[PDB]
Amino acid sequence: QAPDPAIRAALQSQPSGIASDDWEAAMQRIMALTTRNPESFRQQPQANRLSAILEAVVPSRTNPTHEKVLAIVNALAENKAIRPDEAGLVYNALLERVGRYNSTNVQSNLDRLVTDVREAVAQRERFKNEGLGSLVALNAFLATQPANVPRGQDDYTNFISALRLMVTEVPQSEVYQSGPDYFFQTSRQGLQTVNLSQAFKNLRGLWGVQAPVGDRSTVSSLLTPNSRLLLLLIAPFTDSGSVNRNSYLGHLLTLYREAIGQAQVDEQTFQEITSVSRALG
Amino acid sequence: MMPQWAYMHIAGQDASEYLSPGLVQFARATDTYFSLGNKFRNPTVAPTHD
Amino acid sequence: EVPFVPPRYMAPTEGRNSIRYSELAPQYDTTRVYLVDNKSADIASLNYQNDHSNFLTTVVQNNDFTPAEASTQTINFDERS
Amino acid sequence: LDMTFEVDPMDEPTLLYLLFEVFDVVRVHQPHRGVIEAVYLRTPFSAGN
Amino acid sequence: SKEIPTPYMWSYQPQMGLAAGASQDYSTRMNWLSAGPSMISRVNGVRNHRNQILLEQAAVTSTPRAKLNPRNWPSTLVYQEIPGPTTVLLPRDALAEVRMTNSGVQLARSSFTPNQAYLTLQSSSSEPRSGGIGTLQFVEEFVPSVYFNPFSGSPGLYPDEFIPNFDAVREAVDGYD
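Definitions and cut-offs
Residue indices run from 1 on each chain, following the sequence as it is written; they may not match the entry's numbering, and residues absent from the coordinates are omitted. Chain labels run from A onward and ligand labels from 1 onward, assigned in the order the entries are written. These chains belong to a larger assembly; all numbers given describe just the chains displayed. Where side-chain values are given, they derive from all heavy atoms of the structure, hydrogens and water being excluded. In this text, helices come from DSSP runs of H or I with a minimum length of four residues, and strands from runs of E with a minimum of two, each type numbered from the N-terminal end. Note on method: radius of gyration uses C-alpha positions; expected globular size equals 2.2 Å times residues raised to 0.38. Three exposure classes are used, based on accessible area relative to the maximum for each residue type with a 1.4 Å probe and protein chains only: buried under 20%, partly exposed in between, and exposed over 50%. By the convention used here, residues are in contact when the closest approach between their heavy atoms is within 4.5 Å. Surface accessibility follows the Shrake-Rupley procedure with a 1.4 Å probe radius. Residue values consider only the protein chains on display as shielding. In this description, buried area is defined as the sum, over both parts, of the accessible area (probe of 1.4 Å) that is lost when the two are combined. Think of a salt bridge as a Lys or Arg side-chain nitrogen and an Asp or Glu carboxyl oxygen that are within 4 Å of each other. A 3.5 Å cut-off defines polar contacts: any pair of N or O atoms within that distance qualifies, except that in protein one atom must be a possible hydrogen donor and the other a possible acceptor, and neighbouring residues in sequence count only when both atoms are side-chain atoms. Side-chain classes follow a simple rule in which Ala, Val, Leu, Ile, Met, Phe, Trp, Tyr, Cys and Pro form the nonpolar group, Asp, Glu, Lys and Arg form the charged group, and the remainder, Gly included, forms the polar group. Pairing of aromatic rings covers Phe, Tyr and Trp, the last through its six-membered ring, and needs centres within 6.5 Å; plane angles under 30 degrees mean stacked, over 60 mean edge-to-face, and all others mean tilted. Two conditions define a charge sitting above a ring: the NZ of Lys or the CZ of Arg must be within 6 Å of the ring centre, and it must be within 35 degrees of the ring normal. Picture the helix axis, draw a direction to every C-beta atom, and the arc is the one those directions span.

**Here we look at the overall build of chain A**
So, step 1. Each helix and strand counted, chain A has ten helices and three strands in total.
So, step 2. Listing every helix and strand of chain A by position from the N terminus yields α-α-α-α-α-α-α-α-β-β-β-α-α.
So, step 3. Against the 2.2 N^0.38 benchmark of 19 Å for 281 residues, chain A shows a C-alpha radius of gyration of 32 Å, more extended than a compact globule.
So, step 4. On the principal axes, the C-alpha backbone points of chain A span a range of 100 × 65 × 30 Å.
So, step 5. Going through the 281 residues of chain A one by one, you find that 33% of them count as buried.
So, step 6. Considering only contacts within chain A whose residues lie at least 6 apart along the sequence, 61% involve residues at least 24 apart.
So, step 7. As displayed, chain A offers around 17,100 Å² of accessible surface, 53% of which is attributable to carbon and sulfur atoms.

See below:
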């Protein structure tokens, strides 16, 4: 995950050993309460055994502002609001800004804001993992061509359901895209297998047309490879309404469900067959 | 004849239709500094039969 | 129990008593501004039709700016006071 | 900033004229019937508020 | 065209064992500019059939991975040579030779003593290798990539590691400077 921004501020702005913050532990070095080594503080030279007692009995007061602001800047960098190389001049720009107008009011709403940016950073990784930015884009695409109005059969409803299901499931965040004009599904973020989904202008006239089963090479064998790719991509989400004779589209789905099956059982038997991988036959 | 003419861009699709949409976006976004428009053919077919 | 140690804070640098100028730090509470017959030809370019009973001068005295260059700048007290 | 201009010699005294290009701007407020309040700025080469 | 794309051909970097980007198969292609509609359709069908066998072969032979062309390979994904144990047979009953020579004899399975010993050694390297990969793994990975609707998404999701000087660790391109 992306870390806690306030931890990553404190970790780079604060004392590495004992501070004038962790008073409770300093008063167990002093008083010999520390169960792991009681007599350690008793053996310090007077030169630092005595000044440590002073800072514990009358603590130094400090200004917390730089730790508040840096816990914002680290958050802005992680949320990608700013380039990481801007963090020194964004830190400075905020430090002068909040010092110029400094007050007890400002100091409180910096504190409010440090909690807010810490939560916003935790929320942003959820908002990338949940894929919602893709599910909204799919739900926008489904407004673009006749929703709930097929012609030859309503297996169109099952196929639309398989898109929503797939784009909810697939955890590399299959990206639905508005394009410049047409809507696209990218699948995996490395894009090799992108479908232009507004080019399911094929898969319009084909709902209900029965399979010409004896030979796939025939008059109605129309589909563009972009459309065959969409069928091959959704295939592991599709038994509902697609059984062979229900359409040529049903037949393609019954072949591609099993072609994916074949690919992953041939992987399971390839990674077996390649056992030696080196000369021995 | 037609794939020859659709491949040499004498007929068929516009540059706004055959180019990958990333390039079409890049073109629009940089067109006031460095203009890529003059580098792609747009066909303009006449209306034929009616 | 543990001791309570309240925080220190920086007084606001454009506070209600700040006395600002563009090229340097803000002064606070009081200063001096001086209205004196600066003779040099740069400011003499404003003296030409005048005499010491009615004259234009520069109050801005940042010594790396020539008096002409400095003359267009500004001293700028806090508007809340 | 340093600038060195090399120029052709002339028999008469002349001036190099420089324009440091800048944002010289004003904003004007009119909150009551009797008044007008102007805020000036000049971003490089400033002259205050 | 966007539906019958030409495959991207991955290159190899022998020092590293990493894929040096890719470019289309600009060196296996048939000129159809003097064919007619039926002859051209067979050229397309013959290229579609190719695009299928590439997508199929990648599914059967590739480690499934989130990042395309990773710049380091875990020791579990690399092919180690794992040679079996070495058993040596020791030339001397060394304890018998000291008691023998202390009694005054001199020397040049050793007939005065029956003893032998066989000593077995690990043979394989003491930590599993990780790094890049060898040419035999590289060709079972990195099958040609068929990019449909190429360059359609947002920048920052293009297949940038096709680019032969992209520094994939940090989304920047390796200059001369």
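**Focus: the interface of chain A and chain C**
So, step 1. If you look at the interface, chain A gives 15 residues, while chain C gives 14 residues.
So, step 2. Roughly 1,200 Å² is buried in total at the junction of chain A and chain C, and carbon and sulfur atoms are behind 58% of that figure.
So, step 3. The largest share of the area that chain A buries against chain C comes from A:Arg61, A:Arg100 and A:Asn102, three residues that together contribute 45% of it.
So, step 4. Scanning the region where chain A abuts chain C turns up one salt bridge.

**What to know about the arrangement of the chains**
So, step 1. By number of contacts, the leading pair among the five pairs of chains in contact is chains A and E.
So, step 2. What separates chain B from chain D at the closest point of their C-alpha atoms is a distance of 21 Å, and the two make no contact.

**Regarding the pattern of salt bridges**
Residue and element names in this part refer to chain E.
So, step 1. Here the structure, examined in full by the defined rule, presents eleven salt bridges over all chains.
So, step 2. Salt-bridge contacts for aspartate 25 lead to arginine 50; the nearest nitrogen and oxygen are separated by 2.8 Å. Of this pair, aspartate 25 sits in the loop between strand 2 (18-24) and helix 1 (37-60) while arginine 50 sits in helix 1, and the two are 25 residues apart along the sequence.
So, step 3. Exposure remark for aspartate 25: the relative accessible area of 5% places this residue in the buried category.

**A word on the interface of chain E and chain A**
So, step 1. Counting residues at the interface gives 27 residues for chain E, matched by 21 residues for chain A.
So, step 2. Taking both partners together, chain E and chain A bury about 2,100 Å²; carbon and sulfur atoms supply 59% of that area.
So, step 3. The interface formed by chain E and chain A contains one salt bridge.
So, step 4. Measuring nitrogen to oxygen at the nearest pair gives 2.8 Å for the salt bridge that ties E:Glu81 to A:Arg278.
So, step 5. At the junction of chain E with chain A, the criterion picks out five residue pairs in polar contact.
So, step 6. If one sorts the elements of the side of chain E that touches chain A by residue count, helix 1 of chain E sits on top with three residues.
So, step 7. Here the side of chain E that touches chain A is built from residues that sort into 14 nonpolar, nine polar and four charged.

**Here we look at the packing of aromatic side chains**
Within a pair of aromatic rings, the relevant descriptors are the distance that separates the centres and the angle that separates the planes.
Residues and elements named next belong to chain E.
So, step 1. Summed over all chains, the structure comprises 17 aromatic pairs over all chains.
So, step 2. Residues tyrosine 8 and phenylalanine 162 carry aromatic rings whose centres are separated by 4.1 Å and whose planes lie at 15 degrees to one another, so their mutual orientation is stacked.
So, step 3. Take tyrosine 8: its relative accessible area is 11%, and that puts it in the buried class.
So, step 4. Judged by its relative accessible area of 4%, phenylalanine 162 falls in the buried class.
So, step 5. Ring pairing ties together the aromatic residues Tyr8, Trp10, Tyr12, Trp73, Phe138, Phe142, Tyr147, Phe151, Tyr158 and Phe162, which thus form one cluster.
So, step 6. Taking NZ or CZ as reference, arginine 65 lies 4.5 Å from the ring centre of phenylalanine 142, over its face.

**Considerations on helix 7 (residues 132-141) of chain A**
Residue and element names in this part refer to chain A.
So, step 1. Considered for burial, the residues of helix 7 that qualify are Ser134, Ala137, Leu138 and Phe141. All buried residues of helix 7 lie within an arc of 100 degrees about the axis, which places them on one face of the element.
So, step 2. Contact partners of the buried residues in helix 7: helix 8 (155-169) and strand 1 (176-177).

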